[PDB]
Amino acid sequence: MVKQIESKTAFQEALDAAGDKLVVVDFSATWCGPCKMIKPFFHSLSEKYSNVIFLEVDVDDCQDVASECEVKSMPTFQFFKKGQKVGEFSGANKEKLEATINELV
């Protein structure tokens, strides 16, 4: 299920502990409408794909992580495999989220 990130150290330690597994990070903001609309579906994906790690970073909480990951739209999903970014898109598109997970797993 979804891991809540509350520091840059925790973000890095998570990308390390993932090993060979795909990591999907949702960068979101609480005030932003599309973020709220997609949160339940992002949590259902985490129950459906045991083999993929799902992280949530609130950009207001972790402005340093947000800045460093160069986020500028919400939600933004970034995909990582062994510390490397292998995909990214923004917008609350359900079909695209899952289709990207299936391409990258």
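Numbering starts at 1 and follows the sequence shown.
Stretches 73 to 81 and 31 to 39 differ in mean CA B factor, with 31 to 39 having the higher one.
Averaged over their C-alpha atoms, the temperature factors of 44 to 52 and 22 to 30 are higher for 44 to 52. In this PDB entry, the Cα temperature factor of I5 sits in the bottom third of its chain's modelled residues, the lowest group. Placement of the Cα temperature factor of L97 within the chain: lowest third of the modelled residues, per the deposited record.
Looking at the C-alpha B-factors along this chain, the one for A17 belongs to the highest third. In the deposited entry, the Cα temperature factor of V65 places it in the middle third of its chain's modelled residues.
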